[PDB]
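Worth knowing before you read on, the calculation uses all heavy atoms, side chains too, and leaves out hydrogens, waters and symmetry mates. Throughout, a chain's letter reflects where its sequence line sits, starting with A, and its residues are numbered from 1.
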Amino acid sequence: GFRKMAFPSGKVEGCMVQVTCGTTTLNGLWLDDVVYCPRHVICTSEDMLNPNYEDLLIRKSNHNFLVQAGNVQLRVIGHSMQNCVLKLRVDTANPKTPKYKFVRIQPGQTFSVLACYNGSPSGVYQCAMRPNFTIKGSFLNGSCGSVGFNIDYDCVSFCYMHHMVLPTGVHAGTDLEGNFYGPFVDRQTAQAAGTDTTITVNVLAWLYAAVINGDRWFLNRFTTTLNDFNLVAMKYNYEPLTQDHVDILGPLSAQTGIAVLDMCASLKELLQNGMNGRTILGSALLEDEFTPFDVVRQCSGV
Amino acid sequence: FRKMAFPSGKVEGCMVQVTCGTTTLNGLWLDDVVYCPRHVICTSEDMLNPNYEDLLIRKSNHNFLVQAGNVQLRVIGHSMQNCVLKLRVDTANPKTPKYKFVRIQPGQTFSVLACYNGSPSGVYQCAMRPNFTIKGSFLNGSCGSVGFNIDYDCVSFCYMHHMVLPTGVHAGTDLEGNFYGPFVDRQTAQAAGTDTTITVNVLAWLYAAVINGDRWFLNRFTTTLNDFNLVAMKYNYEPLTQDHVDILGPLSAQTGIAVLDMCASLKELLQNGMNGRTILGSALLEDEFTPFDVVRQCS
Ligand SMILES: *C(=O)[C@H](C[C@@H]1CCNC1=O)NC(=O)[C@H](CC1CCCCC1)NC(=O)c1cc2ccccc2[nH]1
Ligand SMILES: *C(=O)[C@H](C[C@@H]1CCNC1=O)NC(=O)[C@H](CC1CCCCC1)NC(=O)c1cc2ccccc2[nH]1
């Protein structure tokens with residue numbers, strides 16, 4: 001009765017194009033008269049090991065970039081690099097360009113991913129940016145250039161572009177200005193993510209959503225101190241709970257009659273003894289990919 | 001591995017607002033027809049025992065206010081097909097995609113575009129449960145929201161939302177207005193049958209876990225189909241049929257694990273639980289991915 005909901009994807013679907021350079025095909029994002037895509041599209045197998053992208057780009061020309069929107073070919077009249085993103089200038093402005101901004105998100109915030117292949121949208125799902133700056137996506141070959149976004153009213157906030165796959169199976173990318181999320185680089189080399197942690201404030205938000213929807217068994221009368229909860233958090237690899245987090249949860253603590261430090265004692269108990277044979281909102285683990293705002297959005301229908 | 005919905009743009013261009021009396025809900029505008037639930041014409045006095053043929057014949061075209069965005073559509077005529085109402089308008093939707101109306105079977109999956117006042121709110125993936133309900137996320141005013149699949153560029157609409165059952169699950173019709181399951185559009189006490197786990201779907205998901213590189217749940221045993229079903233039914237699992245066995249053939253060939261060997265693994269997972277481990281990010285056995293879904297996401 002509570003579900004992981006993605007944003008409707010129509011405004012973004014109209015921006016997805018296909019970009020080919022040599023033997024590599026991936027996706028581009030077409031806004032006004034520019035197509036954005038990962039700079040590593042210009043790499044060959046023998047350059048992926050240790051690229052010199054400035055030197056690679058200087059060697060490329062406008063006509064080494066084949067851009068197709070549907071079955072209509074877009075002519076590239078210029079090319080430039082911003083950090084790890086390639087900007088391809090095209091002759092035509094996208095008539096479907098929505099109101100949009102480029103925004104860099106924070107670990108713990110959520111967004112929708114429009115997975116695409118060959119310039120064609122194929123699925124949409126909701127993700128969180130993990131504390132270790134990876135995302136636990138579902139991506140196949142040719143998925144590079146797929147974007148993540150939020151919607152606010154009529155404005156699309158683009159926050160993510162997909163670049164690569166870490167050997168642990170999680171995913172890494174940049175914002176739309178080409179800055180990486182996390183301590184990763186675009187070359188084929190030994191890279192590992194840092195130890196992940198659980199997004200504490202999101203777990204609490206989800207526990208409030210369970211209360212709102214009629215699960216109440218984990219609740220208990222005991223409260224706790226922020227100082228004492230954060231010792232338990234450290235042991236179980238949870239992010240520390242700050243006083244900003246407690247304030248953010250204010251609107252849900254009011255609507256349900258449960259103080260944050262009380263819910264923290266419930267969460268402490270679940271970390272120690274487990275769920276003692278139960279589920280919560282149809283899950284047998286503690287969900288951390290719903291933000292406080294997500295819980296309201298879904299419990300209010302914005 | 002994720003619960004992945006279809007891109008919703010083709011359906012967003014068809015969502016409108018339908019108002020009758022003091023009731024507002026959602027409509028699906030395709031060509032020069034707007035489809036919506038017929039209970040839009042009930043008053044607060046008409047919800048236990050409506051006679052819909054008597055309520056409709058009293059209505060005039062102008063009693064229905066239809067709004068696409070901020071533009072108001074003029075209703076030309078109206079007719080009822082089973083439990084859906086069909087409002088003819090003077091303008092064909094210019095954004096009408098290629099589409100078909102299909103009726104799905106229990107176990108089958110689809111995407112839902114939840115809408116309020118004709119405006120899309122969110123999209124998620126869903127399955128027709130064996131008791132003919134769905135486990136959706138629906139608030140007041142969501143009636144008229146639809147479920148769909150997309151193949152190539154063709155939208156196959158399969159579900160329109162009508163009501164909320166006391167257990168908190170949801171009931172609706174296909175786009176010809178026939179209810180899924182034994183339900184009716186009256187606010188009388190209505191019973192969702194006992195629900196059960198979609199066995200063929202759980203097996204396909206285990207195969208997906210093998211494809212993605214987890215083997216920890218396999219064992220050295222096999223089973224007869226008969227012995228498997230005798231065990232599974234004690235956990236409220238649906239019977240597995242020979243049809244289901246045939247459906248899993250492709251996935252059995254990819255992974256090299258016979259279907260009845262995978263049934264043995266599931267028999268053992270039901271007996272043992274997870275022992276702290278996880279399978280594709282879940283600590284429960286997931287039953288809302290079909291054999292087809294698994295192939296599309298993994299390949
Ligand atoms: C985008 O199209 C893909 C996304 C990959 C492919 C399918 N699943 C994913 O996670 N990105 C890549 O293929 C990159 C291309 C590189 C070019 C040079 C700069 C860095 C990116 N390659 C990889 O992501 C990759 C990961 C990996 C892990 C272990 C061994 C090899 C390997 N290659
Ligand atoms: C559509 O807008 C709603 C969807 C409901 C709202 C809350 N959660 C849902 O899934 N549908 C309704 O409100 C219907 C109204 C019609 C039903 C058929 C006959 C004419 C009116 N009502 C319900 O969904 C409803 C009422 C009710 C009363 C007591 C227990 C459960 C219950 N469900």
### Task
Find the distance between CD (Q297(B)) and CZ (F139(A)) and round it off to the nearest 0.5 Å.
11.0 Å
### Query
Just how far is it from atom NZ of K11(A) to atom CD of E12(B), taken to the nearest 0.5 Å?
8.5 Å
### Note, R2(B) side chain near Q126(A) side chain (heavy atom, < 4.5 Å)
no
### Query
Is chain A contacted by the side chain of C298(B), its backbone, both, or neither, given a heavy-atom distance below 4.5 Å?
backbone
### Query
Which region of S282(B), side chain (C-beta onward) or backbone (N, CA, C, O), has a non-hydrogen atom less than 4.5 Å from a non-hydrogen atom of chain A, or is it both or neither?
backbone
### Query
Under 6.0 Å from the CZ atom of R215(B), do we count more than 12 heavy atoms belonging to anything else shown?
no
### chain A contact via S299(B) - which portion, at a heavy-atom distance below 4.5 Å
backbone
### Query
Which atoms of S300(A) come close to chain B, meaning under 4.5 Å heavy atom to heavy atom: side chain ones, backbone ones, both, or neither?
backbone
### Task
With a 4.5 angstrom heavy-atom cut-off, could you sort out which part of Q298(A) is near chain B: side chain, backbone, both or neither?
both
### Summary
Correct closest heavy-atom pair for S8(B) and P8(A) would be OG-CA, 3.3 Å
### Query
For chain B, which of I151(A), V302(A), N213(A), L114(A) has the most heavy-atom pairs under 4.5 Å?
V302(A)
## Note on the structure
Tightest non-hydrogen contact, residues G301(A) and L139(B), listed as N-CD1, 3.5 Å
### Task
Please round to the nearest 0.5 Å and tell me the distance separating atom SG of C126(B) and atom CZ of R3(A).
4.5 Å
## Note on the structure
Greatest number of non-hydrogen atom pairs under 4.5 angstrom with chain B, of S122(A), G169(A), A6(A), falls to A6(A)
### Message
Please give me the minimum heavy-atom distance between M4(B) and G123(A), naming the atom from each residue.
### Response
CG-CA, 3.8 Å
### Query
Which pair of non-hydrogen atoms, one from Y125(A) and one from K3(B), has the smallest distance, and what is that distance?
CB-O, 4.1 Å
### Query
What part of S112(A) gets closer than 4.5 Å to chain B, counting heavy atoms only: side chain, backbone, both or neither?
neither
